[PDB]
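Visitor: Mind having a look at this structure? Questions to follow.
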RNA sequence: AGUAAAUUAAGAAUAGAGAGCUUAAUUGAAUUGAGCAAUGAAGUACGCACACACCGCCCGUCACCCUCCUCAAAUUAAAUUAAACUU
Ligand SMILES: [Mg+2]
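Numbering (the deposited numbering), first residue to last: 35 to 242.
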């Protein structure tokens, strides 16, 4: 890295800086005073104070990008969100007043609740004990649990789709199916959890 | 980490000749542990009949030639003795 270890990650929260001084906890108040005598990293090209920037969706975009084609990957995510909004508007208009209440037309809220439905609480680590490969039930961190949900989505759509279907049409159809706990990405989570019960007694081999 | 990946340009050398090489630029990620059971290294302790240094040293059965010794059925071979007393 070209940043020395003494550099601090930038804080790009607009409201945080403009809060009244008394509203800030003394711990936060102390850090701000310390940061005045430190070096701050430059903000990333994609780090902005925009009110429409969601870290979860921005991360999902980077996991789809191939060869640094951010314009294409962002376009694919923009087309997906729109394909989900247009799919719920059609259902909402073609539904009764009672049914209309339940229907969710926010694509950003369908994406977050979809991913969370696919996240697995426990995973598996492959281990070779006595020249035999065993996978031991592991408890997954918040970072490993989130990564696996996004990875499983980007892999079901990339591979298990018809040749002429497009990613905005497969991903939209999968975010909505996961949003209802019916999709194949949810089935992957159910299989992972079910296998952990099979290897329930083999967690002892853990050394880490 | 401006890394990987992807995409460009130029240069060396040639008369010409690389999908090779050198260099410059662009776009631009994911991830980094509740680590040491193992693998390797380092440190400490201990062991060593190894020092060619464990790809070490090393012990028995088995296999030819040669040296010495022992036992043993028998056979024969030479060797080796000592006196006893009568009249
Ligand atoms: Mg040439």
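No residue lacks a Cβ here, since even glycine has one placed at the ideal position from N, Cα and C.
1) Identify the residues that DSSP records as bridge partners of residue 73: which are they?
2) Which residue spans inside the stretch 148 to 173 form an unbroken beta strand (DSSP E) run of at least 3?
3) Give me the Cβ distance between residue 93 and residue 184, rounded to the nearest whole Å; I'm assuming they're in contact under 8 Å.
4) So, at 7 Å on beta carbons, what are the nonlocal neighbours of residue 202 in its own chain, with the 5 sequence-adjacent residues on each side left out?
5) What are the boundary residues of the alpha helix (DSSP H) that residue 239 is part of?
6) Is the CB-CB distance between residue 42 and residue 69 below 8 Å?
7) With respect to the alpha helix (DSSP H) encompassing residue 189, which residues constitute its N-terminal and C-terminal limits?
8) Determine contact between the stretch 154 to 165 and the stretch 222 to 236, defined as no fewer than three beta-carbon pairs at a distance below 8 Å.
9) Mapping the DSSP letters down to three states, classify residue 231 as helix, strand or coil.
10) Using a 10 Å radius around the Cβ and a threshold of 16 neighbouring Cβ atoms, would you call residue 95 buried or exposed?
11) What are the start and end residues of each continuous alpha helix (DSSP H) run of 4 or more residues lying completely inside the stretch 84 to 142, in chain order?
12) Could you spell out the range, first to last residue, of the alpha helix (DSSP H) harbouring residue 78?
13) On a Cα-Cα basis, can you pick out the residue from 100, 235 and 141 that is closest to residue 88?
14) Under 8 Å: do the stretch 132 to 151 and the stretch 204 to 216 share three or more Cβ pairs, one atom per stretch?
15) In whole angstroms, what separates the C-alpha of residue 145 from that of residue 101?
16) Buried or exposed, going by whether 16 or more other CB atoms sit within 10 Å of the CB of residue 76?
17) Spatial neighbours of residue 40 within its chain, please: CB distance less than 8 Å, with the 5 preceding and 5 following residues excluded, ordered by chain position.
18) May I ask whether a heavy atom of ligand 2 can be found less than 7 Å away from the beta carbon of residue 203?
Guide: In this structure, then:
1) Per DSSP, the beta-bridge partners of residue 73 are 41.
2) Taking only runs of at least 3 residues, the beta strand (DSSP E) segments lying wholly in the stretch 148 to 173 are 156 to 162 and 167 to 173.
3) Contact flag correct, Cβ pair sits at about 7 Å.
4) For residue 202, the CB contacts under 7 Å within the same chain, skipping 5 residues up- and downstream, are 110, 113, 114 and 117 in chain order.
5) For residue 239, no alpha helix (DSSP H) encloses it, and the DSSP letter there is neither H nor E.
6) Going by C-beta atoms, residue 42 is nearer than 8 Å to residue 69.
7) Start and end: 176 to 193.
8) Contact between the stretch 154 to 165 and the stretch 222 to 236 is present: 3 or more CB-CB pairs across the two stretches fall below 8 Å.
9) DSSP, read as helix, strand or coil, puts residue 231 in helix.
10) So residue 95 ends up on the buried side.
11) Fully enclosed alpha helix (DSSP H) runs of no fewer than 4 residues occupy 89 to 98, 104 to 127 and 131 to 136 of the stretch 84 to 142, in order along the chain.
12) Premise fails: residue 78 is in no alpha helix (DSSP H) and is neither H nor E.
13) In terms of Cα proximity to residue 88, the closest of 100, 235 and 141 is 141.
14) Because the criterion of three Cβ pairs below 8 Å is met, the stretch 132 to 151 and the stretch 204 to 216 touch.
15) Taking the straight line joining both Cα atoms gives about 25 Å.
16) In the assembly as shown, residue 76 is an exposed residue. Its beta-carbon has fewer than 16 other beta-carbons within 10 Å.
17) Once the five neighbours on either side are set aside, the close Cβ partners of residue 40 are 72 and 73.
18) For the structure depicted, ligand 2 is absent and the ligand set comprises only ligand 1.
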